[PDB]
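Enquirer: using only what follows, build the 3D model:
(5 chains)
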Amino acid sequence: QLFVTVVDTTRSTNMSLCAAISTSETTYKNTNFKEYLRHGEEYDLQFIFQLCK
Amino acid sequence: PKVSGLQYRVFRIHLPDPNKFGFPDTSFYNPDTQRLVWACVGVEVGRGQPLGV
Amino acid sequence: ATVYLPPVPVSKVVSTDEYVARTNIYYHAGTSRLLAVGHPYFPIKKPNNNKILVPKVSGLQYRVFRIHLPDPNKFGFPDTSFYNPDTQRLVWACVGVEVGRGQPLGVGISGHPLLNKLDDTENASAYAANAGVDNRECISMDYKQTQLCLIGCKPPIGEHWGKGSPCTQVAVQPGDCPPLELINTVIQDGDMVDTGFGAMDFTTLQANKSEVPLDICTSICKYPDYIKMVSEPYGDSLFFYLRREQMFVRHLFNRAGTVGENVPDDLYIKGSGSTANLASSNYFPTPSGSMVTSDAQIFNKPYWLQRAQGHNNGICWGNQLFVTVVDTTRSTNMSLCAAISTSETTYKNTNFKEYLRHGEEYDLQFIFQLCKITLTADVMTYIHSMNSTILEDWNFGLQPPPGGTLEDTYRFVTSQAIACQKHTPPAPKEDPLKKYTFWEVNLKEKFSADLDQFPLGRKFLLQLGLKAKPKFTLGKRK
Amino acid sequence: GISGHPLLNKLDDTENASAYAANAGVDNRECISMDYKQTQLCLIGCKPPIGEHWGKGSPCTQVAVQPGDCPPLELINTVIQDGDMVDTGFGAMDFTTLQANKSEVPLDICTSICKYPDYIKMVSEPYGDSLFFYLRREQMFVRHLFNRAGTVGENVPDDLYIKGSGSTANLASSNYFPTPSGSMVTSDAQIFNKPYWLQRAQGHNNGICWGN
Amino acid sequence: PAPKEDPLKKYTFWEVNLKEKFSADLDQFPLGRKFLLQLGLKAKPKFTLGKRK
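Expert: Numbering: from 1, shown residues only, chains lettered A, B, ... in the order given. And now the structure:
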C-alpha cells in the first residue's frame, strides 16, 4: 500500500463566473446574474520503482 | 462535491507485488530462495496550477 | 504467467549532441532597445476607428517574441574552409542571451470602474439579510507580481479554463454554475497573466462582465502549461523556463449578487428573518500584488545556454527562438494631465483632462555559437521523424516511399469515378509561426564579427577564464 | 525628505474603496503629504553621465492624439545635471509641461525634469568613461491606490461590460495612480559609509582619470 | 460468506489503482530524467545552467 496525504491551500485555484438570467435585464440582482465560485484542484503523481528481493 | 485545499486529500494507492507481475529474466529467482517486493524509490508530486486560496 | 518481455522497441529519443559538434566560431547580435507606449486598463483606440491610438500594453501581459534567424548556410561565411556541406550542415545555437532592462522604476497597475461589490467580509461592516441590487464601486488592484522568462525554439502552449459543454454535474444554464473545461492553446502576444482566479477565459464565463477589470474580461488569462511541455521528450517548445510569482489577499469582498444554485441549509440551525436566510456564499478574495525590491531581477544578467531541456541541447530548430517575458517591475504607469484648452485661472477637473500611459521596455542582446550537424543515414532517420521540414529546408530531398495504391474506377481520364473527385488538403495552412500575433524580432542583419566589445562580450570572456580588464575589484572593500 | 502639496490631485479612494462616483466634478484636490520611495545610488565617472527621461516627444499633429490627451511621451535621453530631480515612482519624466494642472504632485516635482540613470548607454559604451563604478539599493511599495481628479479624455469602450442601472450604468474615473512609499529606514540599508577600494573598476575604463 | 473483506477499505479515499502503469522508460518522463540526474548520472545534465537569473 501507499497512503499519501496532501493538503495544499497555496495555489489551489478558486474561479469566479456567473450565469445570467438574461443580459436584457440591466440590473445585477441576486436572481439576475447569479454569481458563483468553483474551485479547480490539480495534482499529479509519478513513480519510479526500484526492484528488491 | 466539495473540493477545497483545506480538506485532506488522501490518496489510497493500491499496488500488486512484483511476483504477481513482471519477471524480466529468471536466473537467481526461485520462489523458494526469495520473494519480491516493491520499493518506490522516487515520486513526483505535481501541483503546477494558477493561484488561488 | 507474467514473465516480462521487458518491453521493446520503446523507442527512446537520444540527445542531438553525439552527432552535433559545437565549434569555436561565434557571432554576436543584439537589439536596439524595444520600447512600447501602451495603456493597461482598457485598449485606447481612435474613437472614430478600430486602429489603436495607444495599443494595450501591460506588464501583466505575456510579451511574446518570435525571433527569426536566417539559415547559417544561406547566410554562409568565407571562413568555413574545413567544413563540408555534403556531410555536415549548419545550425545556430544561441549560447547566450542577456536581457537589457533599465526603464524607470514604476509598477504595473490595473482597475475597474464597476467592480462588483456589496460589503467587506474580511470583517463585517454590515450584516445584511440578502445582498444588494445594482451596487458596484470604483476600486483598483493589480493581479500579482509575475516575473518569468522562457526561451524555446517552437511556440509554448499555455492552459486556461474554457466554457464547457453541459454536463449532469454542472451545466451551462441559469441557476447552475457552468462547467470549466480545460483548453490548452499557444500563448499569444499580449495574452494576460492570471488574475488570482487563475487562467480562464472571462469573456464568456462572466456573463455580467463587470466582476473583474475590463482588460482581463476581454482577455484570456493563461498560465504556462509547463507540465505538458516537459512530458515532451524532445522539449523543443521550451528548453528554458523559470518564474518568480507571488500574490496577496488584501481583503475579502462579497459580491452584490448571490447564488441561484443549491447551498445546503439543513446543516446549520435557522432562526428568524435574517438568521433564517442566506445572504453571502459569494465571498471572493480581491487579489493584490506586494512590495517590490529593485536590487533583485532575473534580467540584466547573461544566461549561459547549452545542454538544454529535452533532447534538444539548445540548438535552434527552424532557426527560430520563442521568448516569453513578463516583467512587472519597471513597467511604468505614467500619470499626467493635459488641458484640452485653458482659459481658467481657477481649477476645475472639467478643464484638465487626465491621461495615462504605460511604458514597456525590453532589450535583447545575444551571443551565438555557430555549430554543425554531421550527417549520416541513421542520423537522417532520426531528423525526419523529429521534423522533416528541417532536412527539406537545406534540401536533400525525397525519399520515396510512401507510396500507396489507389483503386478507383477510371476511363482514363475520369469522368466516372467517385466522381471526379479532387481532394484539396487544405492548403492553405494557418501556419504555426503565425498561429498567433508575435513581436517580430529581426536579428538577420544584426549579426556581428565583433564578439568582445559588447557588455555580453566582456561577460563571455570573463566566463572562459579571466580576462578582461577591469573585472572586479570592483567595488569593493571594506 | 518630507514633501507634500496642499493641493495634491485626489478624487477618491480606490485601495479598498468606500463609495462610487462617475466622471469628476469640479475641484478635487486635497491636503496630502508623502514620503518618496527608498532610492540610494551612487555612480562615479569622469565624464558626465547620461540620464534618460520621457520628455516631450512628437507633436499633436504628427499623431492623432489630442491636446487634452497630451503630445506623446517619447524617451529623450540627455546628461544628468546638478539640481536635476530624480525618478518619482510615476516614472522619470518631465513634469513642467506634462502637468498642465502643475499641482498634481509635491511642489518640488511640479516643475523641472526627472531622470533615471541610463545604464544601458554607459555600459554598452566601448570606452566606459560615463561611469565605471555604480551601486544601488532601492525599493518601492504602494502605501495606497488613489484616483486622480480630472475628467477622462481616454477612450474606454463601454460595450465591454453589460450595463448597470443609473449610477452603475455610469462610468467612473479610471485615472488610478499608486502613491509610492519607502518607509522603514534602517541603518543596515546604507550603501554609504563604507570604503570601496577601486584597485580596478567595473567599467571598461579601470578608473584611470582623463582630464584629471 | 460475507461480511466482509476488505479491512483496508472501510474508510473514504481518493481511490488510485496502480497495477498496470508500470514501465521502464526514464527519458520520456521528465521524472525519469531528474531521477537519473541523482542516480545513474545520466539525465543528461546541465540543465540549463550556468546562470538563468
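
Enquirer: can stretch A:1-15 be found next to chain E?
Expert: Yes: contact of stretch A:1-15 with chain E (C-beta under 8 Å from any C-beta of the partner chain) involves residue A:1. Yep, even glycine has a C-beta here, placed from its N, CA and C like the rest.

Enquirer: just give the nearest non-adjacent residue to the residue positioned nearest the centre of chain A, would you?
Expert: Centroid-nearest residue in chain A: residue A:40, 1.6 Å away (criterion: C-alpha atoms, centre = their mean). Nearest non-adjacent residue to residue A:40, counting by C-beta to C-beta, 6 or more residues apart in numbering or on different chains: residue A:13, 5.0 Å away.

Enquirer: mind listing the strands for chain A?
Expert: Secondary structure of chain A (DSSP state E): strands at A:2-6, A:14-19, A:34-39, A:44-52.

Enquirer: which other helices and strands does the last one contact?
Expert: Spelled out, that is strand A:44-52. strand B:37-46, helix E:30-38 (3 or more C-beta pairs under 8 Å, 6 or more residues apart in numbering or on different chains; DSSP states H and E).

Enquirer: neighbours of the closest residue to residue A:52 other than its chain neighbours, how many?
Expert: Nearest non-adjacent residue to residue A:52, counting by C-beta to C-beta, 6+ apart: residue B:39, 4.9 Å away. Residue B:39: 9 surrounding residues under other C-beta atoms under 10 Å in any protein chain shown.

Enquirer: pull the contacting residues for residue B:39.
Expert: A:49, A:50, A:51, A:52 (C-beta atoms under 8 Å, 6 or more residues apart in numbering or on different chains).

Enquirer: so it bridges to which residues?
Expert: residue A:50 (DSSP bridges).

Enquirer: what about whichever residue of chain A sits closest to chain E, neighbour count?
Expert: Going by C-beta to the nearest C-beta, chain E is nearest to residue A:46 of chain A, at 4.1 Å. By the criterion of other C-beta under 10 Å, residue A:46 has 17 neighbours.

Enquirer: ok, it touching residue B:40?
Expert: No: the criterion here is C-beta atoms under 8 Å, and residue A:46 misses it with residue B:40 at 10.1 Å.

Enquirer: the residue nearest to residue A:52 and residue A:49, how far apart?
Expert: Using C-beta to C-beta, to the nearest Å, residue B:39 is found at 7 Å from residue A:49.

Enquirer: likewise for residue A:36?
Expert: On the measure of C-beta to C-beta, residue A:36 and residue A:49 end up 42 Å apart.

Enquirer: isn't the residue nearest to the centre of chain A right next to residue A:11, touching?
Expert: No: if you go by C-beta under 8 Å, residue A:40 and residue A:11 don't touch, sitting 10.6 Å apart.

Enquirer: find residues that contact each of those two.
Expert: In contact with both residue A:40 and residue A:11: residue B:49, using C-beta under 8 Å, 6+ apart.

Enquirer: most neighbours per residue, which of the helices and strands packed on strand A:44-52?
Expert: Most buried of the helices and strands packed on strand A:44-52, by mean neighbour count (mean count of other C-beta atoms under 10 Å in any protein chain shown): helix E:30-38, with a mean of 18.

Enquirer: tell me if that one is near chain C.
Expert: Yes: shown here: helix E:30-38 in contact with chain C (C-beta under 8 Å from any C-beta) through residue E:30.

Enquirer: still on that earlier bit, which residues does the residue of chain A closest to chain E bridge with?
Expert: Beta-bridge partners, per DSSP bridges, of residue A:46: residue B:44.

Enquirer: next one: it from residue D:174, what distance?
Expert: 47 Å.

Enquirer: what of residue A:33?
Expert: 22 Å.

Enquirer: likewise residue A:8?
Expert: Counting by C-beta to C-beta - residue A:8 and residue D:174 are separated by 37 Å.

Enquirer: shouldn't residue A:44 be in contact with residue B:44?
Expert: Yes: the pair residue A:44 / residue B:44 is scored as a contact, 7.4 Å apart, by C-beta under 8 Å.

Enquirer: chain D contacts on chain A?
Expert: A:20, A:23, A:26, A:27, A:28, A:33.

Enquirer: not counting sequence-adjacent ones, nearest residue to the fifth one?
Expert: In space, residue A:28 comes closest to residue C:134 once its chain neighbours are excluded; the distance is 5.3 Å by C-beta to C-beta, 6+ apart.

Enquirer: roughly how far apart are the one you found and chain B?
Expert: 28 Å (C-beta to the nearest C-beta, to the nearest Å).

Enquirer: what is the burial count for residue A:9?
Expert: The burial count for residue A:9: 11, using other C-beta under 10 Å.

Enquirer: my guess is it contacts residue B:8. True?
Expert: No: using C-beta under 8 Å, residue A:9 makes no contact with residue B:8, being 11.5 Å away.

Enquirer: residue A:6 touches residue B:9, doesn't it?
Expert: Yes: taking C-beta under 8 Å as the definition, residue A:6 is a contact partner of residue B:9 at 5.0 Å.

Enquirer: what sits in contact with each of those two?
Expert: residue A:43.

Enquirer: got a list of what residue A:46 touches?
Expert: B:43, B:44, B:46, E:29, E:31.

Enquirer: now residue A:3
Expert: B:10, B:11, B:12, B:13.

Enquirer: between those, which sits nearest chain D?
Expert: Of these, the one sitting nearest to chain D (C-beta to the nearest C-beta) turns out to be residue B:10, at 38.6 Å.

Enquirer: ok, residue A:48 - how many residues close by?
Expert: Residue A:48: 20 neighbours (other C-beta under 10 Å).

Enquirer: go ahead and confirm it touches residue B:42.
Expert: Yes: if you go by C-beta under 8 Å, residue A:48 and residue B:42 touch, sitting 4.3 Å apart.

Enquirer: who touches both of these two?
Expert: In contact with both residue A:48 and residue B:42: E:31, E:35, using C-beta under 8 Å, 6+ apart.

Enquirer: before we move on, back to that, ok, and the most crowded of the contacts of residue B:39?
Expert: residue A:49 (17 neighbours).

Enquirer: give the contact list for it.
Expert: By C-beta under 8 Å, 6+ apart, the contact list for residue A:49 reads B:38, B:39, B:40, B:41, E:22.

Enquirer: contact partners for the last one?
Expert: Spelled out, that is residue E:22. Counting by C-beta under 8 Å, 6+ apart, residue E:22 has contacts A:49, B:21, B:22.

Enquirer: what's around the second one, how many residues?
Expert: Summarising burial for residue B:21: neighbours were counted as other C-beta under 10 Å, giving 16.

Enquirer: I appreciate the help and will end here.
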